[PDB]
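Trainee: Encoded as structure tokens, here's the structure I'll be asking about.
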Amino acid sequence: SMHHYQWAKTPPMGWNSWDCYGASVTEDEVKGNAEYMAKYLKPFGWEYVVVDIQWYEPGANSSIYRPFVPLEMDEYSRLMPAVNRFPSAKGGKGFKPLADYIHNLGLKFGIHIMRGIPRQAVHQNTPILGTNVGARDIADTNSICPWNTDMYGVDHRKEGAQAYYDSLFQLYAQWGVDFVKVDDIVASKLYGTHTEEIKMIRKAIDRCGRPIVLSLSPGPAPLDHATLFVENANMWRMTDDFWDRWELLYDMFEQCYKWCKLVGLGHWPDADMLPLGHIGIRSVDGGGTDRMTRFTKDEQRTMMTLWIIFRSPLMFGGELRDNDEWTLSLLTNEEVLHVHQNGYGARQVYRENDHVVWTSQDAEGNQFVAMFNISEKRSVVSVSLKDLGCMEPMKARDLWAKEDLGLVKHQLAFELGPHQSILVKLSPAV
Amino acid sequence: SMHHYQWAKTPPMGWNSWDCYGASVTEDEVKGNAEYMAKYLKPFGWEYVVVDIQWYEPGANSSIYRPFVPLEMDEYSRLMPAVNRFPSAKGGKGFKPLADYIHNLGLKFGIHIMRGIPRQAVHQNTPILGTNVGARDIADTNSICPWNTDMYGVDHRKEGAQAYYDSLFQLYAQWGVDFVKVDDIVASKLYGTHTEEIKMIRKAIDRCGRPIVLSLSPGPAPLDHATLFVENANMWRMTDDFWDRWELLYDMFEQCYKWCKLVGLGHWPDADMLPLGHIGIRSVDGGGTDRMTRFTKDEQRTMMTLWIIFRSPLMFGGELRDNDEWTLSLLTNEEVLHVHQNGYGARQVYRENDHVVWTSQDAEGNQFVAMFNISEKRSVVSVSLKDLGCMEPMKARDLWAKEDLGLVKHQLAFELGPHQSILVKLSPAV
Amino acid sequence: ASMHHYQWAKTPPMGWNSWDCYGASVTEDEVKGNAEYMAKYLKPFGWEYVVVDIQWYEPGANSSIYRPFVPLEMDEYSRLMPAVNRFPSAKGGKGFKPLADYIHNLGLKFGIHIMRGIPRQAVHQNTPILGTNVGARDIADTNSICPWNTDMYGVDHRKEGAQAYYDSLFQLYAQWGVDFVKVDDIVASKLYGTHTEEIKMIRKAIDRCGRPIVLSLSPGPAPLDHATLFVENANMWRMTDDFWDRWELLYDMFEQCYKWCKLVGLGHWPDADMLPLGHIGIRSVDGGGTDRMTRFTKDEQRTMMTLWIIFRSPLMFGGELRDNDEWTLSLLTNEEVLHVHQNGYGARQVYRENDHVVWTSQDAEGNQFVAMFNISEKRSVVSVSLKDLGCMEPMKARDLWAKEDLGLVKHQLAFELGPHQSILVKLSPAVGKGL
Amino acid sequence: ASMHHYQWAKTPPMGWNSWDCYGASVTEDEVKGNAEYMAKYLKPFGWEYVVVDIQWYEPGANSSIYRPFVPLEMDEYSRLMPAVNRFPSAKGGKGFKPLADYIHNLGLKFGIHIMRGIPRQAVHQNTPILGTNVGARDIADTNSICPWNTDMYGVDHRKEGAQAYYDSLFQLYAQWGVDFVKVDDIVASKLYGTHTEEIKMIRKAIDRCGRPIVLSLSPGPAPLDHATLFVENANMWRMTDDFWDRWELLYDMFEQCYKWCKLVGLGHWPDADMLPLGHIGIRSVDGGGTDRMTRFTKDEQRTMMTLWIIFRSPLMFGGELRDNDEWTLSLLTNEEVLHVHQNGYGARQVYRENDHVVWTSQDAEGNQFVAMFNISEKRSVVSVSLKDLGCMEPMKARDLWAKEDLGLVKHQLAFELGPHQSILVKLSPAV
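Protein chains in written order, with this note's numbering: chain X, 2 to 431; chain P, 2 to 431; chain Y, 133 to 567; chain V, 54 to 484.
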């Protein structure tokens, strides 16, 4: 129904600078991660290189924002890249040179924005492109982000509000942006979902003339706005910021369950970025510092398995150049990636005693089953073929291990350690 | 496995005794409505004859309950039909004779039940079939319905709880019940959604060996439980009790918008019963008494048109034998019903200035467009073919009037009075 | 002091209550034994109420955990009655009169717990109401229960006969000689909030019954939003949910006292709940414990007594009195401390900072009382200046619990206090007095 | 008894406030004209505060609707200052000292409105805080705004300098001669609830400034949960959101008085808000009205005065005084009625039933005051027994507004009262 669905026919795959560099990534870091993606990941689908929040804040140095500071901005109230961090942006070029470089690697370019219009623009009353009202005249008088001071909300009832958002996506299209992650929009402790700005952004993107995939943040996303999200966004965060802590991974199981009927071509509920590999380099969030992910290998596989079968977008959050062989292997298993790319219909078959099973299928007769022990004790997790809707015996294969398991006549059953999972393909017997 | 979806491949259509007779319908009134349906309505899909709440309360005489009164019940804590109101239930036969009669007319039989176990069973500690525990041992000590005194909630953690629900659906299956409307389960001012009982009921149905369509009430249904409802129920009420008042009809537009992505084969968000024809005979609800519906003809058409394109179940709430020719005409237009039976993908194309357009399609390429003026002022309501996704000129037909309208080149546009609508079919031009 | 019933509780009620020791299950013999102990060791210090707590009408009660949907003992007018197995003197329809007589003969007063409403078994049978032709069924609220007890349904004040039922209850209680009623499921409720209309019906029933009956309301937390209602209708009302011998609950009470201090006055006492001292949990499993001596340390026990004393909470001892040791009894028989509860007024939090708190009050003879508390986890000096107390000159100081003169204080009071430890001090004039 | 600042408001403050007539936009000449009126006609009856309401620091203010995000008049120490265009005597950095001097010379007292916090522009420019090496930006809360005005950010009491900033504000206000401050965005907030920590900083700043400054808090509804806090820190606090000349809001006040009546006492006055009487809405558009005489009927006006009087709310006239008619003035100059406000105590609701309400209070000479109200839509007799008043014998009765003896009353007071009409009666011992 919505043309923009065609811009994300499978769930977006890429890298995002937040978990490794907070608000502070530099051009060289972005390029290095892009070069890695081009070389090792791109043939497996990984394509977006996304500069996360506050690329317009020259003094950013962490995940903790420096409040009330000046921001780089053009003459039409539009935030611009900090030239110290992004030297190719010198001379008002913005992100075009960086985006060109990324496109020349065969990749796509993404940016984070904060909902609204900068506070400094509203206080100074700087101009808006394409109208003779000033920034001050389109601001909401009662709309802020509770955890960041950069912006005020834009009031869609005001003349010039749509013009401002149109002008942002003109700029981003000029730069060659392919993806935008809009933040302080899905959930807010003070205000709830900013629905009207979502609609203004949808319209701005549709007018700018370029395919720009729309990601919305942060969660938890209310189901009450399911129709709005499904129709307007290509991806939307189910949860608040995800980190390498078991408790947050445990919690994702329920959110997937809650959102599974709204997953479909072009509109992807988002389990958030993958905190794998080397993270916390200039981020202090998640209760950690400079580290390798604190998820155990079992937890890492559990996460990948759930995000894969659910069909979350996959946005790697570590510094890619520091990946070891293990970490790279989580990204490049063709059999596993078939479930994400070509599976559909994912659903929770059951959840009982902290054992969970999910299943999906492809168009070729295969059924995929992800079985999870999300308890604190080792245990056998099982599911009958009848509960999967398989009426005959099936061949089983462990997709992560790439290992035939033989014929299964009645049930699948595996001993799984705490937080451990397995992903199995069932197919018709020979 | 959602095998129960197959029991409601299209949204259930039928008649329900609440709006005309409150809690107090008699066997004769049910039979008469069933005979009418067999004769005039069955070829158009109308098939369920549903006895609404409190068939077990011999003194019921209104929509206002008589609180704390004795209820008709068997020896296993199961409510039974009141023999004074349902004479064929003499001798412990329950509803089997009535259901047989209804089946012999080529129709299906439905009943209303209240969640839980009767308070009188708990207080007397009457037995539960198939166990040695008593009613008192399975009751929740803190679960009531705030607007009816008949039951206490059942506690799924107690031994015997599932046995009790299993026993209910064994009885209903013995009677030949094809449809159950379970109340005090979706929403509750005191407790929210009774999720655990929904699951016990799903299980009891699945175990009883007969196809029984599951309807849940009352709304508003939380979007947060969309997965649970979609997987467990065939229909669930979006709203608190719907009545012949413009305000409630106006409000339904938003609920349909909220629920539209969860509508699909086997699982139907429910806009509630149609307060058409002669209602309020022994009901005082909705702010009215014995009357013909207070919806104007335009309003009645507006309602039918929205429920049709949305694919709400259609449960007629008036005393059918008092239909006039106008009222019957709302129920026997095959061209309109096709949109309900075979349409899919219904969505709100836009809502602006209290003008609303919805569209859906069938697999044969027809596009259906419902255009609504829900404002207080006459106006032209229009929509471009482009916004419908039609890339060239089309022919249009008014489905209610059964009248070709000719070619449309750029936009559909009609003058519509306040609260008036039209339903149009678009197909390729010659 | 507009309301006549204020005169029935000029000082905050003091007594004993069966809940913390015996749950819902106390017997006549236990009640009498605690009364006898009170008469002989406590009565000269103001302890006078002997309160039979919840479910004296439930013959099979055996714990603090209620046995749901069981038969209850009741008369022919929908009124609950004492279980005769547990209260043998109630045989022959006499109810509590004999037990109350016995208590009155000791020079004490008698109290009972009731649950708001009318028994569900009355409403379902539709049993009669004294003094009217409507039945129990016709006065019940169709949407009013207690979420943690199944005995009753609420009564709907709009229905004819509702007031007659409550009047009839207090006619019964007056006939028995009841001097005190603790009405439960009325102040707070997870489902419904405060049952204001029933509070008013009960005020009226009491006023009509012709006997002075002190009205206690339970359970908390009491909303400040209903401060006026509570102040004008009740003699005491619970500030908190059930209090037990856990430091965390005692720590929390400091804030609730702060919140309620301006509504404390003659006849109308915010209630910090019963004192879980001595031997408790005999047939109670609440509070996370079983049969035990209170888990409060001695310091905690003093800290509790000190706050309740200066605050002017009602004092309802919750342990089985006959098992008191010397230490426990000493908490109850210090006249110098009790003077602060009986004759103090104006109690206020002077400050709270770094988990140090100081409260002060005074009497009409110009003595000033100061309670100082370390509610942190570390030993520390807690101090307060005379200026902050409003004392303009040097004062003599005395440690009321220790009964020990501390000498002259020129500028400030200051004491090293262990974690959870407190002190209660009296300040009186030095200028103008001999040496 | 305990708090020294109670002695600065031994009776409930009485005065005039510019909001209901001039919104945010009053001028020096308008203030001075109202003050002159007060001095001439009102001062002998207790009216003494002349209060300049919100946004005296916003030079372009022109209504009750704020002009968001505009630059504000401010000194080098992040402190808002009077707009010299509106207050010409403030020229040359003198602030409100000349105006306050003029007012004091009339035998009156001077009040100002402030918004909680520190100005956004000070935080963005990081202007200094007097007496310290920190800046405004170092003391601001990053998640604390007013939802209905854009001028300030909240101050974070945990930060070094925070107290110094509020101390500096009250040093300025004391230098000017301020005698009363109304602090807004502090009692209630849709986003954040009661700003309890800033109330305590303000209490402390006032206590340190060396001058008696009566502390009024706004806006309501004030939560009873914070009764202690308000009673101990403030001289008055708003029970309600902004009160206007609409029956519905007057009707609602009866319940708020009932809820707050036990916390009324010397020095600490729950506040039923300003009196929308006389000529209001001159440059205000709030309350659903424009330039007008109050839409309260005479009966409603009396009913309001009567409740505020017996309850002992502060009395802050909100109209342009110079346009009073003889009627309006009469509501302010009845000494017999005012005695109930000045010397009454113990006010309580005797009952409320069928939209009839009776309040009573007394004085120390044993007079008893009874206010009887018909707040229904129908004419009716409203009565109350002497027994319910606690009068154990017959009493003389006098209608205080009419100044008319009514004779001996043996058993009950009873009067036929129109809808929204009331009466105020004094009962005193017979012979």
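Where a beta carbon is used, it is the ideal one built from N, C-alpha and C, also for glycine.
#1: Rounded to the nearest angstrom, how far is the Cβ of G460 of chain V from that of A450 of chain V, given a contact under 8 Å?
#2: With DSSP run on the structure shown, which of helix, strand or coil describes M239 of chain P?
#3: In angstroms, rounded to a whole number, what distance separates the CA positions of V123 of chain X and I139 of chain X?
#4: I need the DSSP call for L224 of chain X, collapsed to helix, strand or coil.
#5: Check the Cβ of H248 of chain V against every Cβ in chain X and list those closer than 7 Å, keeping chain order.
#6: Along chain X, in chain order, which residues have C-beta atoms closer than 7 Å to that of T203 of chain V?
#7: Taking a Cβ distance cut-off of 9 Å, strictly less, list which residues of the stretch 194-228 of chain P are near chain X, in chain order.
#8: Quick one: which chain V residues come within Cβ less than 7 Å of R137 of chain X?
#9: Let's test the definition: count the other Cβ atoms within 10 Å of the Cβ of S313 of chain P and tell me whether it reaches 16, buried, or not, exposed.
#10: Please report the Cβ distance between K162 of chain V and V208 of chain V, rounded to the nearest whole angstrom; I am assuming they are in contact, meaning their Cβ atoms lie under 8 Å.
#11: For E452 of chain Y, which of helix, strand or coil comes out of DSSP?
#12: Judging by CA-CA distance, which residue of X:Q412, X:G265, X:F243 is the nearest neighbour of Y345 of chain X?
#13: Tell whether a beta-carbon distance below 8 Å holds between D286 of chain X and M236 of chain X.
#14: Compare the beta carbon distance of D326 of chain V and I335 of chain V with 8 Å and say whether it is the shorter of the two.
#15: Applying a beta-carbon distance threshold of less than 7 Å, which residues of chain V neighbour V123 of chain X?
#16: Going by the DSSP bridge assignment, what does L133 of chain V pair with across the sheet?
#17: Taking 8 Å as the cut-off, decide whether the C-beta atoms of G227 of chain Y and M213 of chain Y are in contact.
#18: Select from P:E48, P:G23, P:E255, P:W47 the residue whose C-alpha is nearest the C-alpha of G60 of chain P.
#19: From the DSSP output, which residues share a beta bridge with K426 of chain X?
#20: Can you name the start and end residues of the beta strand (DSSP E) that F415 of chain P belongs to?
#21: Report the residue ranges of all alpha helix (DSSP H) runs contained in full by the stretch 279-322 of chain P; include only those spanning at least 4 residues, in chain order.
#22: Please report the straight-line C-alpha distance between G293 of chain Y and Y209 of chain Y, rounded to a whole angstrom.
#23: Consider the Cβ of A54 of chain V: report whether some Cβ of chain Y lies at a distance smaller than 8 Å.
#24: Measure from the alpha carbon of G111 of chain P to the alpha carbon of each residue in P:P13, P:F45, P:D151, P:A188, then state which is nearest.
#25: Chain Y partners of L80 of chain P, CB-CB under 7 Å?
#26: Please state if the CB of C153 of chain Y and the CB of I507 of chain Y are separated by a distance shorter than 8 Å.
#27: Based on the DSSP output, what are the partners of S55 of chain V in its beta bridges?
#28: Which runs of the alpha helix (DSSP H), 4 residues or longer, sit entirely within the stretch 174-218 of chain X?
#29: Does any CB atom of chain P fall closer than 8 Å to the CB of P279 of chain Y?
#30: For a contact defined as C-beta to C-beta under 7 Å, what are the partners of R312 of chain P on chain X?
#31: Taking only heavy atoms of the ligand ADP into account, decide whether any of them is closer than 7 Å to the Cβ of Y305 of chain Y.
#32: Kindly say whether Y110 of chain V, judged by its beta-carbon, lies nearer than 8 Å to any beta-carbon of chain Y.
#33: Going by C-alpha distance, which of Y:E205, Y:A215, Y:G239, Y:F201 is nearest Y173 of chain Y?
#34: Starting from the beta carbon of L518 of chain Y, find every residue of chain P whose beta carbon is closer than 9 Å, and list them in chain order.
#35: Please list the terminal residues of the continuous beta strand (DSSP E) segment that includes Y477 of chain Y.
#36: Can you tell me which residues form a DSSP beta bridge with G68 of chain V?
Mentor: According to the structure shown:
#1: 7 Å
#2: coil
#3: 8 Å
#4: helix
#5: Within chain X, no residue comes near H248 of chain V; the closest Cβ sits about 15 Å away, beyond 7 Å.
#6: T142
#7: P223, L224, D225, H226, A227, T228
#8: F122
#9: buried
#10: Not really, about 27 Å apart at Cβ, beyond 8 Å.
#11: coil
#12: X:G265
#13: no
#14: no
#15: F122
#16: V:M127
#17: yes
#18: P:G23
#19: X:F369, X:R398
#20: 412-417
#21: 298-311
#22: 12 Å
#23: yes
#24: P:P13
#25: Within 7 Å Cβ-Cβ: nothing; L80 of chain P doesn't reach chain Y, min ~16 Å.
#26: no
#27: DSSP output for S55 of chain V lists no bridge partner at all.
#28: 196-209
#29: yes
#30: Going along chain X, no residue has its Cβ under 7 Å from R312 of chain P, so there is no contact; the nearest lies around 15 Å.
#31: No copy of the ligand ADP appears in this structure; indeed no ligand is present at all.
#32: no
#33: Y:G239
#34: The premise fails here: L518 of chain Y is roughly 54 Å from chain P at the closest Cβ pair, so nothing lies under 9 Å.
#35: 477-485
#36: V:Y102, V:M369
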